[PDB]
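Undergrad: just the structure for this:
(one chain, ligands or ions: 3)
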Amino acid sequence: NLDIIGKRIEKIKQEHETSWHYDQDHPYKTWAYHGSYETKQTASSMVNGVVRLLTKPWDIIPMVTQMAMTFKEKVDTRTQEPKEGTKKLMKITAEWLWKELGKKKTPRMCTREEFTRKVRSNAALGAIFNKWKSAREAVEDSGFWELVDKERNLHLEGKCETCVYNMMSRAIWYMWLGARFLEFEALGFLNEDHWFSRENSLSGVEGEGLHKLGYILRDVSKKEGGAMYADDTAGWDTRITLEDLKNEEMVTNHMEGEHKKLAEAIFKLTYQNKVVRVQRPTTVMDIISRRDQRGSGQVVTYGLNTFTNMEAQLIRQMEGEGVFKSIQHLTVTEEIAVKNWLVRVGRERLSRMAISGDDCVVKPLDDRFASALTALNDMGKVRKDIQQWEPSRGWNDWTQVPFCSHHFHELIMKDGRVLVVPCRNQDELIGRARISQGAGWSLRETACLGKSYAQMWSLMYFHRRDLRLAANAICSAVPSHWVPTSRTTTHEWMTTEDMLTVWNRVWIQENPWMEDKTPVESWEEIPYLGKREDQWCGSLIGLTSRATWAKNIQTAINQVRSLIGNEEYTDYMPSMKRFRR
Ligand SMILES: NC(=O)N1CCN(c2ccc(F)cc2)CC1
Ligand SMILES: [Zn+2]
Ligand SMILES: [Zn+2]
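TA: Numbering: from 1, shown residues only. Ligands and ions are numbered 1, 2, ... in the order given. The relevant structure is shown in the block below.
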C-alpha cells in the first residue's frame, strides 16, 4: 500500500502545498483517494475540408455527418478474486505460454538511442508537454536523462517518485516521457522484437496489416472444428485482475541481471500499484490509486492484452474439451491433465486462434466451447451484449466473422487469382477520413492527410466502387509530389511511390497465399465486390446523388485545385474505365 505509492503521493502534495485539501464529497468507491489541488483546462475533432469537398453525397448521410460532432462509470467498478482452481489454471497456462513465446526470442533492454529515434519520427508514446515543449526537445537535453537516471536508481532500490498516470469505452493514461522511457527500457522488447508475431506466438497477428488478416482467418477456417467464435469482452482493460498482472510479470522469469530488476520494478511499482491524477469539475486534481486494471503505455498494453487473452481463450478451450471438471479446485490428477494437454496439443490450439489485444477469433475443436463459460466469467472476462450464462453464438462462414473492426470478402480476379480483402460499413470509412485531430493544420497539411486516407483506400478498399473513385479524385486534387502525413501512425500507403506499384508489391509479390507472381499492369485488372455486395456494405451506387457526383467529379477536383492554387497535379481519373474517355 502507501509505502510504494507514499513517496509519489508525498512529492505531489508539496508542489501544491497552497491547495492540498482532503475532499469529503469525493466520488470514488473503488479508487483509493488521497487529496486534491487547484487546476483549470479542457481537444475536439475538426473536419478535413479536402476530403469533405470530394465526398459531397455524404454531406446528407447522418451516420457520416454525426461522427464529426461533439465509460467512466466502468473505470470505478471492482472485479472479484477468481476461485483457487481458476488461479491454478491461469498460473499453469501463463508459465507454459511465456516459455513457448521465449523459445525463439531473447528478452533484452531497449535503449536511449532507440527511444530517441522513435520520438524523432512520431509514434503515440503518450507523454506530457511542463518543463520542455515536445518530447523531441527533452530527448536532446542531458537534464532529462539525469532525471531518468535518478528514477532508474530509485527503481533499482525498489522505490518510485515520478511514475504517475494522468486520466483523460476509452480511458487514456499519459505519463511524462521519463516514465515512458523506463517502461520502454524494460518491456519495449515485446513489441520491438515481435513476441506476438504469428510466427512466434501462433495465435497473435503483430505486424499483420488488414491485407493479411482475412487470409489468416481463412487459414483458421481450414481447421477441422465447430463454429468460429468472436466474443468481445465488456471493457477488457477494466477487467484485468491483480492475478492477471502477476501472471504477466512472470515474463521477468526469462530475464537476467539488471534487465530483470528493472522489469520487476515496472510491474511492482507502476502496474500492480498505480497513482493517477484526474480532472474533476466540482476543477480540482484527484490523486487516486488502485492495484488492478490495465494502466501501461498503449504498446505494452497491446502485448500484455494479447498474452492474457491467449491464456484465457486456451483455458476456455480446455473447459470445452473437459480437461478440468470444476474451477472451484483442481485435483492433482487435473493439474497433470492441464500440463499434459498444453505439452501435447498447446501449439495446435494456439493455431486455432487469431488474437489482437482484447480482440479474438477462436475455432475450437467443436461447439462445446459455446457453453464453456465458468472459467471465462470467473477470470472476470465477461462477454459484451449477451447474458452471462447464455451460450455464445458462433459464425458458420469465415467471411462474416468480425475482427479488428472489419469483415473479409473472397474476391476472384478475372485471371483466377484469389484476393482476401478487408471491409467495413462504408459510412464508417468516409466518416473517419473527414476528421482531423488537433489544431493549427495548414491547407497543405490538411491535403496531405486527405492523401493518406485516399492512398489507404486505394490499397485496402479498392474493391468498393465509391472509395476507388473518391481515392482517385483526392489524389488528383492534391499536388502529385506532396507527401502523405498522419500525426498518429503495416502502413504501406504512407509513400509517394505510384499506388499501382505498391498494390502489386503488397497483393502479389509479398503475398504468401498467391503462388502466381504475374504483375498487374492496370487498375482495370483489379476487381470490385459484386454491385449488390457493395450496396450491402454501404455503397451509394444506384442513387441520383452518387451518379451526379461521379459524372461531375472533375468539377469537384477543380474546386479543390483552385483552393490549393497553382501546383503540379496528375489526373488519376482515367485509371478507371468510365473516365478512360
Ligand atoms: N495486426 C494487428 O493486431 N492490427 C490491429 C489493429 N488493426 C486495425 C484495427 C482497426 C482498424 F480500423 C484498422 C486496423 C490492424 C491490425
Ligand atoms: Zn518510478
Ligand atoms: Zn463488406
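Undergrad: residue ranges of the strands in the stretch 401-550 of the chain, please?
TA: With DSSP state E, counting those that start in this stretch applied, the stretch 401-550 of the chain shows strands at 407-412, 418-423, 435-436, listed in chain order.
Undergrad: list the buried residues in the first one.
TA: Right, the one you point to is strand 407-412. Buried residues in strand 407-412, counting neighbours by 16 or more other CB atoms under 10 Å, are found at 407, 408, 409, 411. All C-beta atoms are positioned from the backbone trio N, CA, C, and that covers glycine.
Undergrad: residues touching the last one, list them.
TA: Same thing as residue 411. Residue 411 is in contact with 418, 419, 420, 421, 463, 527, 529, counting by CB atoms under 8 Å, 6 or more residues apart in numbering.
Undergrad: do you know how far it is from ligand 2?
TA: Shown here: residue 411 relative to ligand 2, a distance of 51 Å by CB to the ion, to the nearest Å.
Undergrad: for that residue, which non-adjacent residue is spatially closest?
TA: Once flanking residues are discounted, residue 411 sits nearest to residue 419: 4.4 Å by CB to CB, 6 or more residues apart in numbering.
Undergrad: test my guess that the one you found contacts residue 408.
TA: No. Using CB atoms under 8 Å, residue 419 and residue 408 do not qualify as a contacting pair, with a distance of 10.1 Å.
Undergrad: what about the residue in the stretch 251-400 of the chain positioned nearest to ligand 2, neighbour count?
TA: Nearest to ligand 2 in the stretch 251-400 of the chain, going by CB to the ion, is residue 269, at a distance of 5.6 Å. Residues within reach of residue 269, counting by other CB atoms under 10 Å, total 24.
Undergrad: hang on, it packs against residue 160?
TA: Yes. With contact defined as CB under 8 Å, residue 269 counts as touching residue 160 (4.1 Å).
Undergrad: overlap in contacts of those two?
TA: Between them, residue 269 and residue 160 share the contacting residues residue 4, judged by CB under 8 Å, 6+ apart.
Undergrad: which residues of the stretch 201-350 of the chain lie near ligand 1?
TA: Taking CB under 6 Å from any ligand atom as the measure of proximity, the stretch 201-350 of the chain contacts ligand 1 at 205, 208, 210.
Undergrad: verify the contact between the last one and residue 460 for me.
TA: Yes. With contact taken as CB under 8 Å, residue 210 and residue 460 are classed as touching, separated by 5.2 Å.
Undergrad: which residues do these two both contact?
TA: Here residue 210 and residue 460 have residue 422 as joint contacts, going by CB under 8 Å, 6+ apart.
Undergrad: still on that earlier bit, buried among the residues of the stretch 201-350 of the chain next to ligand 1? Need that as a selection in PyMOL.
TA: Filtering these down to the buried ones (16+ other CB under 10 Å) takes a single PyMOL command:
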select buried, resi 205+208+210
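Undergrad: and the residues of the stretch 201-350 of the chain next to ligand 1 as CSV, adding distance to residue 546?
TA: Converted to CSV, those look like this (distance: CB to CB, whole Å):
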residue, distance to residue 546
205, 35
208, 33
210, 25
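Undergrad: and the strands in this protein, which stretches?
TA: For the chain, applying DSSP state E gives strands covering 32-35, 46-47, 165-166, 274-280, 284-290, 353-356, 359-362, 407-412, 418-423, 435-436.
Undergrad: compare these and give me the one nearest residue 250.
TA: The minimum distance between residue 250 and these falls on strand 353-356, with 18.4 Å, by CB to CB.
Undergrad: domain boundaries for the protein, per the record?
TA: Following the assignment in automatic domain parsing, the chain carries domains at 1-38+111-187+242-291, 49-55+403-575.
Undergrad: just put the ones you listed in TSV and tack on distance to residue 62.
TA: Converted to TSV, the domains of the chain look like this (distance: least, CB to CB, whole Å):
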stretch	distance to residue 62
domain 1-38+111-187+242-291	22
domain 49-55+403-575	9
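Undergrad: out of the ones you listed, which is closest to ligand 3?
TA: domain 49-55+403-575 (3.1 Å).
Undergrad: so the closest one, near ligand 3 or not?
TA: Yes. Among the residues of domain 49-55+403-575, 423, 537 lie within reach of ligand 3 under CB under 5 Å from the ion.
Undergrad: centre of the chain to that domain, how far?
TA: 22 Å (CA atoms, centre = their mean, to the nearest Å).
Undergrad: start to end distance for that domain?
TA: Domain 49-55+403-575 has its terminal residues 25 Å apart, counting by CA to CA, to the nearest Å.
Undergrad: repeat that for stretch 29-37.
TA: Start-to-end, stretch 29-37 (CA to CA) is 20 Å.
Undergrad: contacts for that stretch next, please.
TA: Counting contacts by CB under 8 Å, 6+ apart, the residues touching stretch 29-37 from outside are 9, 12-13, 16, 19-23, 26, 75-78, 276, 280, 284-290.
Undergrad: okay, buried residues for it please.
TA: Of the residues in stretch 29-37, those scored as buried under the neighbour-count criterion (16+ other CB under 10 Å) are 31, 34, 35, 36, 37.
Undergrad: need those in TSV (columns: distance to residue 381).
TA: Output for those, formatted as TSV (distance: CB to CB, whole Å):
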residue	distance to residue 381
31	22
34	30
35	34
36	34
37	37
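Undergrad: ok, so of those residues, who is nearest ligand 2?
TA: Here the nearest of the buried residues of stretch 29-37 to ligand 2, counting by CB to the ion, is residue 34; it sits at 16.9 Å.
Undergrad: so how far is residue 13 from that closest one?
TA: Counting by CB to CB, to the nearest Å, the gap between residue 34 and residue 13 amounts to 8 Å.
Undergrad: what residues does the protein put near ligand 2?
TA: Along the chain, the residues adjacent to ligand 2 under the rule CB under 5 Å from the ion are 151, 160, 163.
Undergrad: where do the helices sit along the stretch 151-300 of the chain?
TA: In the stretch 151-300 of the chain, the helices defined using DSSP state H, counting those that start in this stretch lie at 177-187, 189-192, 198-201, 210-221, 242-249, 257-265, 298-320.
Undergrad: ok, the closest residue to ligand 2 within the stretch 1-150 of the chain - how many residues close by?
TA: Distances between the stretch 1-150 of the chain and ligand 2 by CB to the ion are smallest at residue 8, namely 7.6 Å. For residue 8, the neighbour count with other CB under 10 Å is 23.
Undergrad: contacting residues around residue 389?
TA: When contacts are counted by CB under 8 Å, 6+ apart, residue 389 is found next to 373, 377.
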